[PDB]
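S.K.: Following this message is one structure expressed as structure tokens.
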Amino acid sequence: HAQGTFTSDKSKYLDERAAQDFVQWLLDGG
Amino acid sequence: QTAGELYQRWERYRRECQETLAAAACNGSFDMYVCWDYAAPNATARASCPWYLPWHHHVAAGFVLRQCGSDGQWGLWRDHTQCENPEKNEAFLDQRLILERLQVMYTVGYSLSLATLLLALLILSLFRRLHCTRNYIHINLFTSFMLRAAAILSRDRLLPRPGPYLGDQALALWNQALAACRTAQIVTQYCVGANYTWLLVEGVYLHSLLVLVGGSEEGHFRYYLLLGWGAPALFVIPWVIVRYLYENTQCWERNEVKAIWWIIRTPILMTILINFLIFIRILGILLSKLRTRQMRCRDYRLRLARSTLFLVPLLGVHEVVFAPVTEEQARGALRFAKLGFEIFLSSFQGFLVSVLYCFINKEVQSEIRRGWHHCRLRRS
Amino acid sequence: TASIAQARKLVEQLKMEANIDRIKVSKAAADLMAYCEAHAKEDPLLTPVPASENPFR
Amino acid sequence: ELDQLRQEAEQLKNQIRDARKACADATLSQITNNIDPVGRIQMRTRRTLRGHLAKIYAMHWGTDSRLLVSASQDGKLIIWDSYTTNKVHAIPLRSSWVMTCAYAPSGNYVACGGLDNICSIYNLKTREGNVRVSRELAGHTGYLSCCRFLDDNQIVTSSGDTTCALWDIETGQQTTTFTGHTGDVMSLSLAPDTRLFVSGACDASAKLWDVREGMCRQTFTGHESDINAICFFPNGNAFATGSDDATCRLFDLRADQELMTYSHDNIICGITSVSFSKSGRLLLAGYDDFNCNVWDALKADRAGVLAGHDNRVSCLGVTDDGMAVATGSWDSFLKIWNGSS
Amino acid sequence: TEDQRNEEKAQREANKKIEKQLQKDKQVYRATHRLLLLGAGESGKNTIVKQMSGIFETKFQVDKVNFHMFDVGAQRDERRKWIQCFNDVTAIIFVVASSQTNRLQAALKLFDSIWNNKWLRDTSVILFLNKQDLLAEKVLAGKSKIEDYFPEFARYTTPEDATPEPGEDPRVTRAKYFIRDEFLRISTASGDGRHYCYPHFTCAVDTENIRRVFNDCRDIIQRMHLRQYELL
Amino acid sequence: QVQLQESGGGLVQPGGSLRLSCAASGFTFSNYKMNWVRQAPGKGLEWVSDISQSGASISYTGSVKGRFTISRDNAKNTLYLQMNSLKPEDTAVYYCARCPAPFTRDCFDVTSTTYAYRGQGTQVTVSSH
Ligand SMILES: CC(C)CCC[C@@H](C)[C@H]1CC[C@H]2[C@@H]3CC=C4C[C@@H](O)CC[C@]4(C)[C@H]3CC[C@]12C
Ligand SMILES: CC(C)CCC[C@@H](C)[C@H]1CC[C@H]2[C@@H]3CC=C4C[C@@H](O)CC[C@]4(C)[C@H]3CC[C@]12C
Ligand SMILES: CC(C)CCC[C@@H](C)[C@H]1CC[C@H]2[C@@H]3CC=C4C[C@@H](O)CC[C@]4(C)[C@H]3CC[C@]12C
Ligand SMILES: CC(C)CCC[C@@H](C)[C@H]1CC[C@H]2[C@@H]3CC=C4C[C@@H](O)CC[C@]4(C)[C@H]3CC[C@]12C
Ligand SMILES: CC(C)CCC[C@@H](C)[C@H]1CC[C@H]2[C@@H]3CC=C4C[C@@H](O)CC[C@]4(C)[C@H]3CC[C@]12C
Ligand SMILES: CC(C)CCC[C@@H](C)[C@H]1CC[C@H]2[C@@H]3CC=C4C[C@@H](O)CC[C@]4(C)[C@H]3CC[C@]12C
Ligand SMILES: CC(C)CCC[C@@H](C)[C@H]1CC[C@H]2[C@@H]3CC=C4C[C@@H](O)CC[C@]4(C)[C@H]3CC[C@]12C
Ligand SMILES: *C(=O)CC[C@H](N)C(=O)O
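Shown next as structure tokens:
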């Protein structure tokens with residue numbers, strides 16, 4: 063089923079971009 | 005591998021670094037990224053990659069470099085290349101642009117399909133001349149597409165959006181949002197199963213009308229209805245039991261374990277394959293009877309192409325085309341573009357089926373024209 | 004033959020149908036008008052029955 | 005031999021035409037110009053009967069205006085209750101094709117007839133509660149088209165062999181026969197006093213038959229095509245005929261010529277069933293083009309329309325008290341219509 | 008009133024029993040196919056009656072498929088009124104012989120009158136042409152019985168898509184497919200009717216006739232369902 | 073009353089010429105497809121030729137195809153048949169017949185024994201002597 067794979071990919075992408083933005087902010091510091 | 009687990013692991017690592025500095029040259033500290041121990045002067049101190057990173061299994065041998073000078077002060081520069089995600093983030097931004105555009109696209113498509121299926125269902129229900137078994141299974145198919153649209157919209161709306169902008173720690177667990185997400189996910193999977201199962205039911209019913217010798221279809225109509233609603237429960241309920249017992253997440257949308265997703269993809273692809281075989285046999289019978297008449301050389305091929313375009317959205321033949329594609333090929337960038345066309349076809353399939361079976365149909369136009377003629381005769 | 008017998012039967016039938024008493028059109032038409040005018044009130048289709056007395060309502 | 009008989013027949017027909025021209029005193033429309041018109045008649049469907057599978061060919065009301073018998077081509081004869089839409093009786097038929105049905109004025113007997121050339125009379129006096137063939141009647145060679153009860157012992161029957169018959173139900177033989185037609189005798193209508201009756205046939209002429217004497221008194225030749233239906237005006241003095249040329253014609257017995265022609269330019273389809281109202285002011289004609297029309301019998305204007313059938317209207321019937329109008333069509337539905345105010 | 012309630016309850020019970028009987032008869036009525044065996048006259052249709060009152064009924068089942076075939080017996084020759092009662096049959100089996108007054112032309116006019124009827128537009132006609140051996144003996148005799156009656160037979164060639172039976176005079180085959188093309192021209196010239204014609208050449212004694220009727224009725228039913236599903 | 077009156081015929085020579093008229097009274101002439109029936113001495117009825125309402129659809133029996141000429145006149149209310157180059161096998165009784173239903177293409181029982189709308193007919197003898 064295509065759309066479930068789509069939603070799973072979007073959720074994984076959101077988790078990954080939240081992780082990258084969190085690591086970026088931590089590197090920035092302050 | 006969620007965001008709330010990331011905040012919890014970061015808070016646990018911060019508490020561990022605070023306890024390490026309380027239990028404990030360049031004075032090591034917590035600079036919000038990794039915990040630095042006491043460092044000897046004039047040395048390139050190395051820290052391990054911290055365990056709260058989601059990709060720590062791949063960078064477990066990496067080291068963060070930082071220079072400690074001879075005066076006891078930390079250096080300004082810091083090297084963190086060995087803990088970096090190798091995949092470039094700008095392509096992820098293009099992916100987010102693609103995902104947002106396609107999601108607005110199928111949102112508008114599901115809204116238009118929902119309105120058109122509402123109108124078609126009201127037209128079929130209202131008129132008393134059109135109460136036929138064929139129109140009964142069209143009503144069941146339209147109801148299943150309508151429940152599909154409603155379930156997907158509810159699942160999309162009730163899903164909790166990530167919160168990176170918040171920054172500060174928040175209660176990731178919700179006693180309402182997560183339960184609504186699980187309920188909408190179960191209803192969405194049941195409606196997808198009902199959609200494909202009623203496509204199978206209508207394919208088997210047309211196969212029974214064409215091929216079988218003349219046995220009465222009134223007696224075993226209940227079997228078609230029972231198969232149509234029984235099969236989604238049949239493969240959804242063990243999926244719910246496996247998602248409860250083995251792999252439980254905040255929502256059941258992420259397919260971390262593929263084996264739980266094979267029992268969803270198997271009764272759908274089996275259904276699509278059986279509908280494709282019935283599609284082949286119906287086209288063979290129709291080609292034989294249409295070739296038998298032989299009006300003109302261009303007209304029979306033109307009517308065959310017209311009937312093929314008429315019959316492909318009925319049985320899900322385009323879903324065959326996306327069936328061979330492996331996960332290895334899916335990892336390729338081209339699949340992101342391919343998903344847009346596939347979701348476009350799937351989302352507008354309900355609209356095309358509704359329009360073809362309501363507006364295009366001559367009998368429905370006749371009935372509506374007669375009813376409008378009676379209304380204009382009553383008004384005038 | 005049968006044809007001459009059929010023709011004689013037709014001639015005898017026309018002789019039977021010819022010597023009949025005939026009334027003028029206006030008198031019988033006025034009688035039909037009088038019947039329609041006299042029985043106009045009792046007719047349920049010409050004069051519609053109220054909903055209480057109507058069994059189909 | 006043939007020449008003198010044909011010339012004598014032509015002279016007698018010219019004498020009858022000259023007598024009809026001389027007796028033409030006035031015109032019915034010219035003296036009914038000073039009549040208030042009926043106006044628009046809007047009738048609504050009160051009940052809808054859905055028991056038959058095959059097309060419904062004929063119906064007949066009861067004398068209590070309560071029960072109605074309907075015949076279908078699948079071999080089913082259903083006695084309906086008109087108020088509660090309940091099927092009082094369902095009767096299987098020996099012959100699949102039925103072209104006529106009738107209900108006795110006493111209420112005990114129900115007749116049917118079709119292509120089997122046999123009129124089957126069923127009795128409802130059975131103590132078991134099951135219907136049975138009370139008597140079959142087989143004396144016609146052509147197909148059976150119309151039958152109506154005089155009483156429990158006699159029945160007038162129309163067939164397609166250019167003959168009509170009066171049968172004694174007790175003995176089972178024809179009491180008398182009527183031989184005056186050159187075409188298929190489509191329908192008959194009994195007078196209210198049951199002294200005379202009329203027969204409409206495919207020879208574009210209607211006959212006034214006498215029961216006791218056995219010969220036809222009056223012959224009416226005013227139609228162009230086959231006459232399908234016939235019915236009496238409620239006094240017994242006039243009668244209306246519908247034909248395949250999309251024209252109804254109201255004939256008079258004492259004037260011995262046609263009174264009125266009901267025709268419209270846009271209507272080109274045939275006529276299947278005509279029937280008057282209780283008073284006789286409204287003529288209810290079931291046409292072939294999927295609807296019925298309510299004509300004013302005095303003004304010759306379409307007072308109403310009854311477009312409620314998907315398929316052509318086969319039969320039409322009016323109750324004796326005039327309360328409701330039931331139309332049976334070939335879409336396996338019975339529509340009961342009544343006026344509202 | 009308790010008496011009205013008791014009478015209404017008994018009437019509802021009788022209505023439920025009659026509805027159960029009608030639902031038991033509905034599958035029996037809708038499963039069974041109906042055939043009208045109609046012939047122009049002395050065509051040997053009694054052979055079809057033996058192999059395959061006013062009306063005669065023949066009951067035969069093939070592969071648990073029930074057929075009622077109705078032969079018109081003692082009826083008047085004026086056909087224009089009762090034939091409408093055969094609008095709802097599954098097929099009209101029109102059987103005429105290819106071999107006093109000319110019979111082929113009256114057969115063509117009768118087939119044209121059946122075909123161009125507005126109520127018979129839905130009903131399809133299966134065509135049978137009997138007496139092929141008598142037609143073959145008539146052609147081999149040398150007497151002109153189709154050039155005199157039909158002038159188009161002189162300027163006529165045998166069709167290429169036609170499959171001739173081996174062991175026959177090609178003049179006999181030419182006359183057979185000439186009559187077949189006459190019936191196809193009469194059936195084709197209308198066009199507006201939603202029905203199809205099935206020509207079949209049959210000898211005096213044949214076995215395959217029931218199989219041909221079964222295949223043609225299955226074709227009519229499948230074309231009707233494809234027409235209802237708008238594929239045709 | 074629907075009546076049809078035939079006129080013309082009699083004794084003719086083989087290969088000669090003849091004209092037949094059919095007067096129609098009692099109906100609207102322009103709305104009915106009409107046709108011709110012949111009866112040979114010692115034979116039954118058979119169809120000859122027809123004409124539609126407007127006069128476009130014209131068909132013949134193939135034994136006389138190309139030899140006869142049918143023509144209707146709605147204003148003068150008369151059907152006409154022109155017959156030239158006759159044969160001795162064409163001696164018959166001729167019947168001007170009308171199809172029973174208006175506004176239809178089909179004619180069911182024109183060639184029937186006791187059809188009620190055909191005319192009385194005329195005698196044509198094409199004997200050589
Ligand atoms: C009948 C069907 C074919 C109509 C389809 C209309 C589609 C093609 C149109 C209508 C609405 C449009 C969207 C409207 C708004 C946005 C937000 C913008 O930031 C990106 C483009 C995007 C996402 C558009 C993409 C194209 C779009 C989805
Ligand atoms: C979320 C899921 C469980 C909702 C399921 C709703 C089901 C139980 C309801 C909704 C639509 C309903 C159908 C609506 C229309 C018809 C056609 C009628 O002639 C037979 C009943 C039938 C077939 C109904 C059966 C029950 C039905 C299928
Ligand atoms: C017609 C609609 C309302 C039917 C919805 C069925 C809902 C109410 C039922 C069916 C399956 C059930 C779920 C089964 C499993 C779980 C996992 C458990 O850890 C939390 C409760 C939860 C999430 C249940 C909540 C209620 C639930 C979602
Ligand atoms: C939950 C899913 C897997 C249930 C699927 C049920 C399938 C496998 C069953 C149910 C109805 C069955 C069909 C019923 C009738 C016919 C017609 C026969 O001439 C060929 C087999 C065929 C086509 C059957 C094939 C198998 C079938 C399609
Ligand atoms: C009983 C009904 C629900 C059908 C159930 C089908 C199940 C039992 C079958 C169909 C698809 C199969 C899966 C197909 C592919 C794989 C990947 C392989 O590397 C491990 C086994 C695994 C994961 C299979 C496990 C068993 C499986 C899930
Ligand atoms: C598959 C969908 C998406 C596109 C369909 C393309 C059409 C035009 C092509 C591709 C597959 C082809 C069919 C393949 C198999 C058969 C069975 C054979 O006995 C008759 C021809 C027939 C029926 C072909 C007709 C034309 C066809 C249907
Ligand atoms: C993006 C939109 C435009 C896609 C629309 C696809 C459908 C609805 C369109 C595309 C092809 C169209 C068909 C093209 C040709 C014909 C033949 C004509 O005699 C009847 C209409 C009919 C059958 C059209 C119906 C509507 C149709 C099927
Ligand atoms: C996914 O990121 C969805 C966000 C978007 N605003 C929407 O469609 O709701």
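Residue numbers (our numbering), protein chains in the order written: chain A, 63 to 92; chain B, 5 to 384; chain C, 4 to 60; chain D, 5 to 345; chain E, 8 to 239; chain F, 73 to 201.
Note that CB positions come from ideal geometry on N, CA and C, so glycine has one too.
Taking beta-carbon pairs under 8 angstroms, can you tell me which members of the stretch 220–235 of chain E lie near chain B?
M.R.: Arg225, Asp226, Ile228, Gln229, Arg230, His232, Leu233 and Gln235
S.K.: List, in order along the chain, the chain A residues whose C-beta lies closer than 8 angstroms to that of B/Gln298?
M.R.: The residue you call residue 298 of chain B lines up with position 294 of the second sequence. The premise fails here: B/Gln298 is roughly 41 angstroms from chain A at the closest Cβ pair, so nothing lies under 8 angstroms.
S.K.: Does the CB of C/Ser29 have a neighbour CB from chain D at under 8 angstroms?
M.R.: By one-based count along the third sequence, residue 29 of chain C stands at place 26. By this cut-off, C/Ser29 is an interface position.
S.K.: Among the residues of its own chain, which have a CB less than 7 angstroms from the CB of D/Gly326, if the five just before and after it don't count?
M.R.: Taking the fourth sequence and counting its residues from 1, the one referred to as residue 326 of chain D is at position 322. Hits under 7 angstroms: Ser281 and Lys282.
S.K.: Whose C-beta lies closer than 6 angstroms to the C-beta of D/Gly66 among residues of the same chain, with five residues either side of it excluded?
M.R.: Taking the fourth sequence and counting its residues from 1, one reaches residue 66 of chain D at position 62. Same-chain partners within the cutoff: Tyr107.
S.K.: In chain E, which residues lie less than 8 angstroms from F/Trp119 when you measure between Cβ atoms?
M.R.: As a working note, residue 119 of chain F is residue 47 in the sixth sequence. Chain E residues near F/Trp119: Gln112, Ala113 and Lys116.
S.K.: If contact is defined by three or more beta carbon pairs under 8 angstroms, each pair taking one atom from either stretch, is the stretch 29–40 of chain D in contact with the stretch 21–32 of chain C?
M.R.: yes
S.K.: Given a limit of 7 angstroms on CB to CB distance, which residues of the stretch 73–99 of chain E reach chain D?
M.R.: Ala81, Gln82, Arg83, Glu85, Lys88, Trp89, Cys92 and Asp95
S.K.: Does chain F have any CB closer than 8 angstroms to the CB of D/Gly246?
M.R.: For the purposes of this step, residue 246 of chain D is taken as the residue at position 242 of the fourth sequence. Chain F contact via Cβ: absent.
S.K.: Less than 8 angstroms separating the beta-carbons of B/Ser358 and B/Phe96?
M.R.: For the purposes of this step, residue 358 of chain B is identified with residue 354 of the second sequence, where counting begins at 1. For the purposes of this step, residue 96 of chain B is identified with residue 92 of the second sequence, where counting begins at 1. No.
S.K.: I'd like to know whether the C-beta atoms of D/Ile340 and D/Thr49 end up nearer to each other than 8 angstroms.
M.R.: Numbered from its first residue, the fourth sequence carries residue 340 of chain D at position 336. Numbered from its first residue, the fourth sequence carries residue 49 of chain D at position 45. Yes, they are a contact pair.
S.K.: Check whether the Cβ of B/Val112 lies closer than 7 angstroms to any heavy atom of ligand 1, and answer yes or no.
M.R.: Locating residue 112 of chain B in the second sequence gives position 108, where the first residue counts as 1. Yes - ligand 1 has a heavy atom lying nearer than 7 angstroms to the Cβ of B/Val112.
S.K.: Using only the heavy atoms of ligand 7, determine whether one of them is closer than 7 angstroms to the beta carbon of B/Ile364.
M.R.: In the second sequence, counting from the first residue as 1, residue 364 of chain B sits at position 360. Flag set: Cβ of B/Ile364 near ligand 7.
S.K.: For a contact meaning CB atoms closer than 8 angstroms, what does B/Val217 contact in chain E?
M.R.: Translated into the one-based positions of the second sequence, residue 217 of chain B becomes position 213. Neighbours of B/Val217 on chain E, chain order: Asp70, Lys71, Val72 and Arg225.
S.K.: Looking at ligand 7, does it come within less than 7 angstroms of B/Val359, judged from the CB to the closest heavy atom?
M.R.: In the second sequence, residue 359 of chain B corresponds to position 355, counting from 1. Yes.
S.K.: Indicate whether the contact test is met: 3 or more Cβ pairs, each with one atom in the stretch 122–141 of chain E and one in the stretch 202–221 of chain E, closer than 8 angstroms.
M.R.: yes
S.K.: Between the alpha carbons of E/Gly174 and E/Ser151, how many angstroms are there, rounded?
M.R.: For the purposes of this step, residue 174 of chain E is identified with residue 167 of the fifth sequence, where counting begins at 1. For the purposes of this step, residue 151 of chain E is identified with residue 144 of the fifth sequence, where counting begins at 1. Each residue's alpha carbon lies about 22 angstroms from the other.
S.K.: Under a Cβ-count criterion, where at least 16 other Cβ atoms within 10 Å of its own Cβ denotes burial, should C/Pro47 be classed as buried or exposed?
M.R.: Mapped onto the third sequence, residue 47 of chain C falls at position 44. With 16 or more other Cβ atoms within 10 Å, it is buried.
S.K.: Among residues of its own chain, excluding the 5 on either side of E/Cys210, which ones have a beta-carbon nearer than 7 angstroms to its beta-carbon?
M.R.: The count along the fifth sequence starts at 1 and reaches residue 210 of chain E at position 203. These residues qualify, in order along the chain: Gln139 and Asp140.
S.K.: In chain order, what residues place their C-beta within less than 5 angstroms of a heavy atom belonging to ligand 1?
M.R.: B/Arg105, B/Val108 and B/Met109
S.K.: Is there a Cβ from chain B that is less than 8 angstroms from the Cβ of D/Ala311?
M.R.: Along the fourth sequence, read from residue 1 onward, the residue named residue 311 of chain D stands at position 307. Output row for D/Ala311: interface = yes.
S.K.: Could you give the first and the last residue of the continuous alpha helix (DSSP H) run that contains B/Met109?
M.R.: What you label residue 109 of chain B is simply residue 105 of the second sequence in a count that begins at 1. Run containing B/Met109: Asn93 to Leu130, per the alpha helix (DSSP H) assignment.
S.K.: Drop a sphere of 10 angstroms on the beta-carbon of D/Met190, count the other beta-carbons inside from all chains shown, and report buried for 16 or more, exposed for fewer.
M.R.: In the fourth sequence, counting from the first residue as 1, residue 190 of chain D sits at position 186. With 16 or more other Cβ atoms within 10 Å, it is buried.
S.K.: Count the other CB atoms, across all protein chains shown, that sit within 10 Å of the CB of E/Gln112; report buried if there are 16 or more and exposed otherwise.
M.R.: The sequence position of residue 112 of chain E within the fifth sequence is 105, counting from 1. Under this definition E/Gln112 is a buried residue.
S.K.: By DSSP, does F/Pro160 sit in helix, in strand, or in coil?
M.R.: The residue given as residue 160 of chain F occupies position 88 in the sixth sequence. Looking at F/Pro160 - three-state DSSP - the assignment turns out to be helix.
S.K.: On the premise that D/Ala115 lies in contact with D/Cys168, defined as a C-beta separation below 8 angstroms, what is that separation, rounded to the nearest angstrom?
M.R.: As a first step, residue 168 of chain D is located in the fourth sequence; it is residue number 164 there, counting from the start. As a first step, residue 115 of chain D is located in the fourth sequence; it is residue number 111 there, counting from the start. Contact flag wrong, Cβ pair sits at about 15 angstroms.
S.K.: May I ask you to check if the CB of E/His232 is nearer than 7 angstroms to at least one heavy atom of ligand 4?
M.R.: Working through the fifth sequence from its first residue, we reach residue 232 of chain E at position 225. The answer is no for E/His232.
S.K.: Any beta carbon of chain D sitting closer than 8 angstroms to that of C/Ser6?
M.R.: Position 3 of the third sequence holds residue 6 of chain C. Yes, C/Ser6 counts as interfacial toward chain D.
S.K.: If you pair each beta-carbon of the stretch 363–383 of chain B with each one of the stretch 217–236 of chain D, do three or more pairs fall below 8 angstroms?
M.R.: no
S.K.: Is B/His211 a contact residue of ligand 4, with contact defined as CB to any heavy atom under 7 angstroms?
M.R.: As a first step, residue 211 of chain B is located in the second sequence; it is residue number 207 there, counting from the start. Under cutoff, so the answer is yes.
S.K.: What would DSSP say about D/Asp156, mapped onto helix, strand or coil?
M.R.: The count along the fourth sequence starts at 1 and reaches residue 156 of chain D at position 152. In this structure, DSSP gives D/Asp156 a state outside helix and strand, which the three-state scheme calls coil.
S.K.: At a Cβ threshold of 8 angstroms, is D/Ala30 touching chain C?
M.R.: As a first step, residue 30 of chain D is located in the fourth sequence; it is residue number 26 there, counting from the start. Answer yes: the Cβ-Cβ gap between D/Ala30 and chain C drops below 8 angstroms somewhere.
S.K.: What residue does the beta strand (DSSP E) around B/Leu281 start on, and which one ends it?
M.R.: Along the second sequence, one-based indexing puts residue 281 of chain B at 277. First-last for B/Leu281: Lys262 to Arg297, but that is the alpha helix (DSSP H), not the beta strand (DSSP E).
S.K.: Which whole-angstrom value describes the C-beta separation of D/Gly43 and D/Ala307, a residue pair presumed to lie in contact below a C-beta threshold of 8 angstroms?
M.R.: Taking the fourth sequence and counting its residues from 1, the one referred to as residue 43 of chain D is at position 39. Taking the fourth sequence and counting its residues from 1, the one referred to as residue 307 of chain D is at position 303. Sure, about 7 angstroms apart at Cβ, within 8 angstroms.
S.K.: Against chain B, does residue 7 of chain E count as a neighbour if the rule is that its beta carbon must be under 8 angstroms from one of theirs?
M.R.: With chain E running from 8 to 239 in the structure shown, residue 7 of chain E is simply not present.
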